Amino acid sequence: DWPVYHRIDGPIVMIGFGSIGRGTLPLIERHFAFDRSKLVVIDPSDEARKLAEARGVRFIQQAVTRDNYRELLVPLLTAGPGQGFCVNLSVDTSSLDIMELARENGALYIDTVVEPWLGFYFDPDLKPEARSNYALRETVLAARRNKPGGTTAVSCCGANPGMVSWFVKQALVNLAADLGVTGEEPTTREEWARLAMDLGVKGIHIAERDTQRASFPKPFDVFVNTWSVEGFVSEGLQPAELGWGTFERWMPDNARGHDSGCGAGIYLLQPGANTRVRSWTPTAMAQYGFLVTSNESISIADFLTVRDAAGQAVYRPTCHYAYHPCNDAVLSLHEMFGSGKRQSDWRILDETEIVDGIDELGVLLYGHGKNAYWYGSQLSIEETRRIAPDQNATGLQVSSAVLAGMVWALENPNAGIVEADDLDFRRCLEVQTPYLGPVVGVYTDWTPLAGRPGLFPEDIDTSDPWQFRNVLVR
């Protein structure tokens, strides 16, 4: 039967019961021991309430806000007898404030995004830089500097960000092995960074192709996606953003850096979901991805930074998302950007609506001696239905990563604020792999210069195919 990893000896408070909460709840029930009445779900949606009622779980129909979160969450998280777990799978809530509250009260915490309080983005007073995931991540880094150690809080532990950090580590190990480089895997951050440098990894795409499709065609004036529409649109309207590698010799005129912080990022003064990059996955082969911001674009580049004695970066990989969402989401983006406004309605595809497809999600490491290597999951909707209820393949990659991070947090409960890059990647993948379908590593000789130049003049760098100059669609 399914492994029960740990007893949770306190309340389990799940904030949000949308596509990911719905997929995560059954895994929590499956893999942890606890009295059923310890778990409570908080979400303002009537749709969510009705579903929770049908699952027989406690439900509080309330939006968590800047004004109520202390009065609501402190009693719930401290109900006893021991340590509770705050599982934050919401939109419109501050990850940082809720994380800090959980830690203050001795509750474990996990989320899948650094989300701000409602109102953050649609404010005309914010400069583009302040709307970046780099800036949001810096709030978490500052929180950790201010309060080192303490109760474990896992930031950004979904599929991507989250699982893909573990895939990067596995991929680096595999690349070394494939070269005949034997000897123990890295143990420390510096050793991981040096492995990437030593292997000559220039950069990393989070290279994803979602091929799920529904039994109904995309409706006019409806945004369709396989996970949060609100979340995807919000991030798609944030600046295009990337971890910025030391090898890069060019950036766009509308690229900007940061005065402060870890030093690993740039952003572009244009929306990520209307920015295309040339990328590749095993099933897609060459494809366009959208350069949507993501926490791990920064966090992986930061993690794999090698510095000199003076503290200047001497090696860092480029890292960013290259997302090809499901076809109906591609059409939804074309519709939304073309109309200059959000659609009147939206829907997230349910497993009962999906006729076939996979969520092919992995990491594409490039620039090393074997050109490019993609490592990741090819989870199909058919396999998903066999192994976990109430979610599609996109959802299961996320919910199983949350499961893995929860196991890690329960196993390592005094680790302070951590990102997926800080966790034991082998333990996490051990927990997650039963939910990932085929997990494979594939080399390719494809580069962004394949077939170029064509019929028109292009500004390309033929000396270094993987330069962002060649990847960015201009």
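Heads up: residue numbers just count along the shown sequence, starting at 1.
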Revision key, fill the gap. Mean B factor on CA atoms, stretches 234 to 242 and 121 to 129, record says higher is 121 to 129
**Study point:** Higher-B stretch (mean Cα B-factor, as the entry records it), 410 to 418 or 65 to 73
**Key:** 65 to 73
Revision key, fill the gap. From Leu364, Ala79, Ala273, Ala153, the top C-alpha temperature factor is at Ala79
Check your understanding: Based on what the PDB entry reports, which of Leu108, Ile298, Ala214, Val398 has the top C-alpha B-factor?
Key -> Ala214
Study note, to complete from the structure: Temperature factor at the Cα of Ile20, chain-ranked in thirds, falls in the lowest
Practice item. Compare the C-alpha B factor of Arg137 with those of the other modelled residues in its chain, then answer lowest, middle or highest third. Key: middle
Review point. Lowest, middle or highest third: where is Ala196 by C-alpha B factor in its chain?
Key: middle
Check your understanding: What third of the chain, by the recorded C-alpha B-factor, contains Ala143?
Key -> highest
Check your understanding: According to the PDB entry, is the CA B factor of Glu248 in the bottom, middle or top third of its chain, that is, lowest, middle or highest?
Key -> middle
